[PDB]
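Trainee: Quick one: this structure, given as structure tokens, is what I'll be asking you about.
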Amino acid sequence: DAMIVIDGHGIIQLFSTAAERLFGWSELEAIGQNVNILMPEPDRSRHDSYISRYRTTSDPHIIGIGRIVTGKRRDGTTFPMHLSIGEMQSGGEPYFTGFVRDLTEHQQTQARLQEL
Ligand code: HEM
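Under UniProt numbering, think of the first position of the sequence shown as 154, with each following residue one higher.
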């Protein structure tokens, strides 16, 4: 599914091909951008504080957990997505992998079934 890797400051390091299809950005456009560009406010401005919180305290909240959130595409449309975060280390620095699954079709079917 969509895979994204960031360093300890939330900057995107690797951006899969599927992530390019899901979010709109090419990998070259994405690499070097903060991860907060893939999500709407209030989370967007808050995100770096979430990572900071985790880094200074070492007490996890969603690391190793899989949850549903709203992502935000290049065109600005929002969508529900299942997010799973992995923490890794390399060259002495922490990295984080996010595996995303688009749930837009699940939300649509569900709404349609409720609508009818
Ligand atoms: C694009 C949709 C995303 C949203 C809405 C989002 C939102 C959030 C929120 C709300 C928190 C704090 C959760 C809590 O304190 O309970 C958080 C933490 C964090 N997010 Fe994201 N995130 C997004 C994607 C990502 C991705 C793609 C990555 C990794 C590649 C990532 C990495 C992190 C990290 C490292 C933390 C700290 C975890 C912790 O506090 O245990 N986020 N995110």
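No residue lacks a Cβ here, since even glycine has one placed at the ideal position from N, Cα and C.
From what residue to what residue does the alpha helix (DSSP H) around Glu180 run?
Mentor: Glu180 -> alpha helix (DSSP H) spans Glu180 to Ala183.
Trainee: Which residue marks the beginning of the beta strand (DSSP E) containing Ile165, and which one marks its end?
Mentor: Start and end: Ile165 to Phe168.
Trainee: Is the beta carbon of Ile204 within less than 7 angstroms of some heavy atom of the ligand HEM?
Mentor: Yes, the Cβ of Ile204 comes within 7 angstroms of a heavy atom of the ligand HEM.
Trainee: Go ahead and pull the three-state DSSP assignment for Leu256.
Mentor: Coil at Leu256, not helix or strand.
Trainee: By the DSSP assignment, the alpha helix (DSSP H) with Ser198 in it spans what residues?
Mentor: First-last of the alpha helix (DSSP H) with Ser198: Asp196 to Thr210.
Trainee: Check whether the segment 249 to 269 and the segment 219 to 236 touch, using three or more Cβ-Cβ pairs below 8 angstroms as the test.
Mentor: Touching, yes.
Trainee: Buried or exposed, going by whether 16 or more other CB atoms sit within 10 Å of the CB of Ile215?
Mentor: It counts as exposed.
Trainee: If you pair each beta-carbon of the segment 219 to 230 with each one of the segment 168 to 178, do three or more pairs fall below 8 angstroms?
Mentor: Touching, yes, given that three or more Cβ pairs across the two stretches are closer than 8 angstroms.
Trainee: Pull up the DSSP beta-bridge partners for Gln242, would you.
Mentor: Its beta-bridge partners are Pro247.
Trainee: Near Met192, what residues of its chain come up, given a Cβ to Cβ distance below 8 angstroms and the 5 sequence neighbours on each side ignored?
Mentor: Around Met192: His200, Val222, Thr223, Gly224 and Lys225.
Trainee: Would you identify the three-state DSSP class for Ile157, choosing helix, strand or coil?
Mentor: DSSP places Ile157 in strand when its eight states are reduced to three.
Trainee: Work out the CA separation of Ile157 and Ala171 for me, nearest whole Å.
Mentor: For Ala171 and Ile157, the distance between alpha carbons rounds to 10 angstroms.
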